[PDB]
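The chain below stands alone and is given as structure tokens, in the form deposited in one PDB entry.
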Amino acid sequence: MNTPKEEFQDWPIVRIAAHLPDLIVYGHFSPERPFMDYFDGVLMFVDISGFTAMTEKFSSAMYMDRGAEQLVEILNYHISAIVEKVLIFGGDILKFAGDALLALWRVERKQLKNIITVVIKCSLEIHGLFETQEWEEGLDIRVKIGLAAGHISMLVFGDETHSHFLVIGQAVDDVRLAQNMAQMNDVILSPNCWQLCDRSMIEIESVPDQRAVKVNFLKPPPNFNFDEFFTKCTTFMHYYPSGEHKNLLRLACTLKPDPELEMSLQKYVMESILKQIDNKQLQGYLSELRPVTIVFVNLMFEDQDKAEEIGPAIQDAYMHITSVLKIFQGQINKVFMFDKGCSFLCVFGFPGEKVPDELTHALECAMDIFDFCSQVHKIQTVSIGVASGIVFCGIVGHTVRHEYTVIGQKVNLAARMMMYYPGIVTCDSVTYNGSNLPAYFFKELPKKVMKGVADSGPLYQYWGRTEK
């Protein structure tokens, strides 16, 4: 008998799993929402704003109407290489955003020490990818890495049709703080990461006015062999591709059809992405420079550190946010959470979802969300930033691990507005002027210098329909 080779691996379920971490793909959780679980791990936050600040230049006429296509191609070339490193070193890419990706090595508490060593080595090899790389003579193209370790909580929230997850807690807060302190080419360790790590392996230096540390060198003992050390470490890595599948970047490439599993996983993925996955839309349809309105919602909690309390609060907020977005065809593109609160990146005018009055409706949606979420138990402060303009949309990452993402100055602007103008709904000049709503519905705001934005233009508070 002949033995034709090659398992077929391109099923819809596999395509869906590309959009999700192993944390979710192999998770098998209870149906209750919210769902919380608790574990330990090492986190890596890779700041990629260096080359995703390239976006505004790809809107130039020099790119001849293929700005979006060129941008995704070059971004994916670089981001792919980072993803491959993470995956080969045993990590799980949790989410992508325009300015970062977050990766996790989940392990039993006793192995944190050795896993930190693995993650440091991975971090250094990532920097090594970019040592002599650039573009257009100028732009150097490099990254900044923060590492953290310790207790991690996971939250899954959603309804009967849509799901979202977050990791939260001090280690999560720590990784953001660490990455923020990094300069180009740095690997910064959280205080706890430094506490837990194998101090014989590395040389560090202090970070002024900070207990976090910078890794200067990974200098292992005389008879250390990283490959043998790594192999020992794989004992504790549940899904590391091995044996017959050692040639694959992800076990998830081996997923077989399973309608119950696919039902669960598809809830995390936007319907337009599922359309492409099902070969009912062209594979490049979602790469675009598109005018949109960003509504960036931040929720700050009464007790910032109590997972048992924040979980239900996020779920209650989510249920309202989704009902309000449905009414005006808005979408949640990402949910993020560090030390600054839980933020929902909402978008109006996505792929094939554009309708006029996007602006008045975006503001009215923001106010509804603001009013409702302000009365949610345990939510201390709600802040919403509204910015409108051309943004890049597309699927960013590696073939095996990628996500639909939005990138642009207006996304960053809305995100900064929600943090620098807490407790109110703010909007940019495009939104204010475009709405044609009466001027007394707004308050002209003081100009604030916000990290990452030059010339925001005049900013406004959406005060609402009444003096009240």
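We call the rigid core the largest set of C-alpha positions that still match within 1.5 Å between the two forms. One rule holds for the numbers: they count along the sequence shown, beginning at 1.
- Gaps at residue 139 occur in at least a third of the other compared entries of the protein that contain both adjacent residues.
- The PDB entry reports B-factors from which the mean C-alpha value can be compared for 202 to 210 and 338 to 346; the larger average falls on 202 to 210.
- In this entry, 443 to 451 shows the higher mean Cα temperature factor of the pair 443 to 451 and 8 to 16.
- Sorting 243, 397, 146, 352 by the CA temperature factor given in the entry leaves 352 at the top.
- Across 288, 73, 368, 302, the entry's maximum B-factor at the CA atom is seen for 302.
- In this PDB entry, residue 221 carries a Cα temperature factor that places it within the highest third of its chain's modelled residues.
- Among the modelled residues of the chain, residue 433 sits in the highest third by CA temperature factor in this PDB entry.
- Among the modelled residues of its chain, residue 58 has a C-alpha B-factor that falls in the middle third, as given in the PDB entry.
- Per-chain ranking of the deposited C-alpha B factor places residue 320 in the middle third.
- In the PDB entry, a CA B factor belonging to the lowest third of its chain's modelled residues is recorded for residue 163.
As for the form deposited in another entry, it is not shown, yet the points below apply to it.
- Rigid core superposed between the shown form and the other one, residues 271, 262, 371, 339 considered: the one with a C-alpha shift of 2 Å or more is 339.
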